[PDB]
Amino acid sequence: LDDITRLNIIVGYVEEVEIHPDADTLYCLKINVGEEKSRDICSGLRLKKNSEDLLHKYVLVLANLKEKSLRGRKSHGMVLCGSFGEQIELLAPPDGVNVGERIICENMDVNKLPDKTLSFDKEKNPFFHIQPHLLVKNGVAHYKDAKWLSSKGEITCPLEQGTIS
């Protein structure tokens, strides 16, 4: 359960930001994560972020959550962020990353595949057990003491300290 190899965290390009008709606080995002079709992912950043803040960014998607249907709108995956006090910012890959690349920690075995699919029950979903150990420390993202890595270097967050959701 507390095993980060089980998460499939991948970089996507946010193609489109739209507001959710029936959800006051959700943007409806279209995010290319290397698949044949770009995915539809909801995000609860409507009250703390403007559209151009998200549009055309490279983001980190937890890809292996199961598709859900919120308020008429499908949402498959979620976009990862740093949070401190009242601020929330996106986690960012340095530029040059490819849609679809798996973001891994230091000393992690790339052959340790992530779960095909994570549970619907929060309590049986590695992510929420792992989450308390997911932090930004000095503007970098960490699992525990091990930094998150992309093909072009460590994952950054504009916040100095913070927690990952």
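Below, each value reflects all heavy atoms present in this structure, side chains not excepted, and no hydrogens, waters or symmetry copies. In this chain, residues are counted from 1 in sequence order.
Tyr143 and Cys105 make their closest contact through CB-SG, 3.5 Å (heavy atoms, listed as atom of the first residue, atom of the second, distance). Of all non-hydrogen atoms in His142 and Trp148, the two that sit nearest each other are C-NE1, 3.3 Å. Of all non-hydrogen atoms in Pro93 and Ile155, the two that sit nearest each other are CA-CD1, 3.8 Å. Here the closest heavy-atom approach between residue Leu7 and residue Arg102 is recorded as O-NH2, 3.1 Å.
Counting heavy atoms from C-beta outward, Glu89 and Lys49 have side chains that approach closer than 4.5 Å. By the 4.5 Å heavy-atom criterion applied to side chains, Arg6 and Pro114 are not counted as neighbours.
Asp53 has no carboxylate O lying under 4.0 Å from a charged side-chain N of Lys48, or vice versa, which leaves the two without a salt bridge.
Residue-environment remark: CG (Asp109) exceeds the threshold of 12 foreign heavy atoms within 6.0 Å. For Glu123, the CD atom counts as loosely surrounded, since its 6.0 Å shell holds 12 or fewer non-hydrogen atoms of other residues, nucleotides or ligands. The neighbour count for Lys144 NZ, taken as heavy atoms of other residues, nucleotides or ligands under 6.0 Å away, is above 12. In the displayed structure, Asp22 atom CG is contacted under 6.0 Å by more than 12 heavy atoms of other residues, nucleotides or ligands. Around atom NZ of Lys152, no more than 12 heavy atoms belonging to other residues, nucleotides or ligands sit under 6.0 Å away. Other residues, nucleotides and ligands contribute only 12 or fewer heavy atoms inside 6.0 Å of the NZ atom of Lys68. Counting non-hydrogen atoms of other residues, nucleotides and ligands closer than 6.0 Å to CD of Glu160 gives a total of 12 or fewer. When the shell of 6.0 Å around CZ of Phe128 is examined, it contains more than 12 heavy atoms from other residues, nucleotides or ligands.
Rounding to the nearest 0.5 angstrom, the gap separating the CG atom in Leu29 from the OG atom in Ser38 is 9.5 Å. Atom CG of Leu80 sits about 8.0 Å away from atom CG of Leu134, to the nearest 0.5 Å.
The aromatic rings of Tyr13 and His56 lie parallel to each other, their planes meeting at an angle below 30°, with 60° marking the opposite boundary.
Under the salt bridge (charged side-chain N to carboxylate O under 4.0 Å, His left out) criterion, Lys30 pairs with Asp40, not counting sequence neighbours. By the salt bridge (charged side-chain N to carboxylate O under 4.0 Å, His left out) test, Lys124 is found to be paired with no residue, residues two or more places apart in sequence or in another chain being considered.
In this model, no donor atom of one side chain and acceptor atom of the other lie less than 3.5 Å apart for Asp121 and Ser119.
Not a single donor-acceptor pair under 3.5 Å links the side chain of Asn50 to the backbone N or O of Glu52. With hydrogens and angles ignored, the 3.5 Å screen pairs a side-chain donor or acceptor of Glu106 with a backbone N or O of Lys147.
Under a hydrophobic-cluster definition in which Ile, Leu, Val, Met, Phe, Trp and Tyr are linked whenever side-chain heavy atoms come within less than 4.5 Å, directly or via other members, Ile31 and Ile9 are assigned to different clusters. If you chain together hydrophobic residues whose side chains sit under 4.5 Å apart, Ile164 and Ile41 never meet in one group.
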